[PDB]
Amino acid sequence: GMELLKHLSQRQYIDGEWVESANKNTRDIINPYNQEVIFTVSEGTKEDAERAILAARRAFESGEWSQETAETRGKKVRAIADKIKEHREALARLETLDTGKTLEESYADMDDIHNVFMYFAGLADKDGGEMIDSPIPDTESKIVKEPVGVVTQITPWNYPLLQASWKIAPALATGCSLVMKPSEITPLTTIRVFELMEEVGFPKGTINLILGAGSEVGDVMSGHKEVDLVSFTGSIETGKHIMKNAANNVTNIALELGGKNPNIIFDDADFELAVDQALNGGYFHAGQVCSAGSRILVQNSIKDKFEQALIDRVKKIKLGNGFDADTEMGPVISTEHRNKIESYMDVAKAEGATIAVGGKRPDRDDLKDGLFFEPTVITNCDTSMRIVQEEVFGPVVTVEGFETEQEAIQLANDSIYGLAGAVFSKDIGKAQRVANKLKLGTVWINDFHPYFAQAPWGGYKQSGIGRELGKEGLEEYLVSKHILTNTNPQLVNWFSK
C-alpha cells in the first residue's frame, strides 16, 4: 500500500516549519520484505540539528509551553493519544511497511502507543513538588519541579513510534521543548506522528524533528551546550559515545541500550507454557524487540525434552510478508543487521556450539528478495562463549542447562547487561527468590515481554542509565529547585563592625 505515502511529508520539522535538509541531501527508505525503495526523505545536516536545538531553547525561554498549566499540557498530550487511535489503521500499516513486523504486531503497538500518551496525559498535573519541614525556624522550604529544559531524543529502528512515544509523552507533559531524531532507516511513523502533533497545536519550537545519520548530527544532539537532557535508545557503542559527548556540558543522560535477557525455566515450570513463551521470547519481531529473550537457561532434568519441543515448534514458524495474516515472523531490518546475524552463526560454530535448527537465510521463492533469516536455536554452549555473552538482536536463542536455583541465578547474572528477564516455575516462592536476586530492571514470573506505561522500564549495568515509563520516566524530564524563604531575616553579624 503505497497510497499510505502519497500525502506523507518527506521533510524535517524545525521551528514550526517543514523544511528540507540545509544541503538538500536525501535518503532512500527501504521495505525489508522486498528490499525495495518505498520513500525518500530529507537527510539533515549538523547545522539543521543545531538550529532545531536553538529553536527549542528559544521556545523554552519564551515560556509558552513551559509555563502552560499542567492540566492544559495533559489535555494536549491526550489529543495526541486520540490522534493515534483515530489513525491506528494507517499508522500500523506504515510501521509494518517500514520495519517489516506483522500487521498484528503493529496493531498491538498502536494500542500500546495510545495508552502511553494517555498515561502521561493523566500524569501531567498530579505532582508539582513538595513542602519541606524546614529545620530552620521562621523559614519556608519548598521543592518545585520544573521541566528539565531542552531535551534531545534519539530513537531506534525496533519499534520506532513506540520508542518515540516513550520519550515524547513525558517531555510534552512536563513542559520541555524537544528535538527528536528517529533511526535513519525507519522514519516514517515518526514523520507521521509529527504531522499529527502539529495538528494538535504546540507553540513553535516546542517540537522538532531531525532526519538522518548525517556526519556529526548525533554529536550535535548529544554535545550542544543548550541541551539539558539527552535521551538515547540504541546500540551500546553509540550510547557510550553519546554519554562521553554529554559530559562536555555536564548534561543529564538517559540511556537504554539493549540486553541479553535471560529466560529461566525450572523443571517444575508448566512445560507447554514455558515452550510457548520461549518461542515468543525468542522470535516476536524476529527477535528484534528490546524485550527479546535470546538466552534460555533450562533446568537439566527437563533440558533434553525442552530443547526438542522448542525445535519442533521452531520448524513450523511461518515466515512471510507482514501484511499477510498468515505470517508469524517477518524479515530482519536491514542488510547490515542480517550480516551481523550471519557472522554470529560463524562465531557459534567456531566456538563449538551446535546450530540445532535454522541458522541461515530461507530459500523459498517468496522469501528470496527480503531480509529474512530463519528462526534459530543454538545448543551445547556455555557462559564463556561469545555467542552467549554478546547480544545478536535477531531471531536466535541459545540454550544452556543448569542444575540448581543458585546456579541459574549466577549464570543469568553473568552478563554485562541488565534489562529484563523471566523465571518460569509453578513454585511461586522460588520464582520470587530468583526475581529478587536477578540484576534486571524488569523480572517476569511466568510471563515473557510485558511492559506498560504504568511501570518503569530500563537497565542495570550496561543496559542503560535511568528509566522510561511510569512516574520515574516522567522524573527524567523534571528538575528540582529548592526555594527557601527566610520570613524573619536577621543580620548574622559574623564579621566585625
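The first residue of the sequence shown is number 1, and the count goes up from there.
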Fill in the blank from the handout: Of 129-137 and 288-296, the stretch with the higher mean C-alpha B-factor in the deposited entry is 288-296
Fill in the blank from the handout: As the entry reports it, the stretch among 319-327 and 344-352 with higher mean C-alpha B factor is 344-352
Practice task
Could you tell me which one of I416, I387, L178, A422 shows the highest CA temperature factor in the PDB record?
Solution key: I387
Exercise for the section: Tell me which of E391, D268, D276, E400 tops the list for C-alpha B factor in the record. Expected result: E391
Practice task
Rank-wise, by C-alpha B-factor, drop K145 into the lowest, middle or highest third of its chain.
Solution key: lowest
Problem - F120 - Cα temperature factor, lowest/middle/highest third of chain - result: lowest
Practice task
Would you mind checking where the Cα B-factor of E71 ranks among the modelled residues of its chain, as the lowest, middle or highest third?
Solution key: lowest
Practice task
Compare the C-alpha B factor of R433 with those of the other modelled residues in its chain, then answer lowest, middle or highest third.
Solution key: lowest
Practice task
Divide the modelled residues of the chain into thirds by Cα B-factor and specify which third, lowest, middle or highest, holds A56.
Solution key: middle
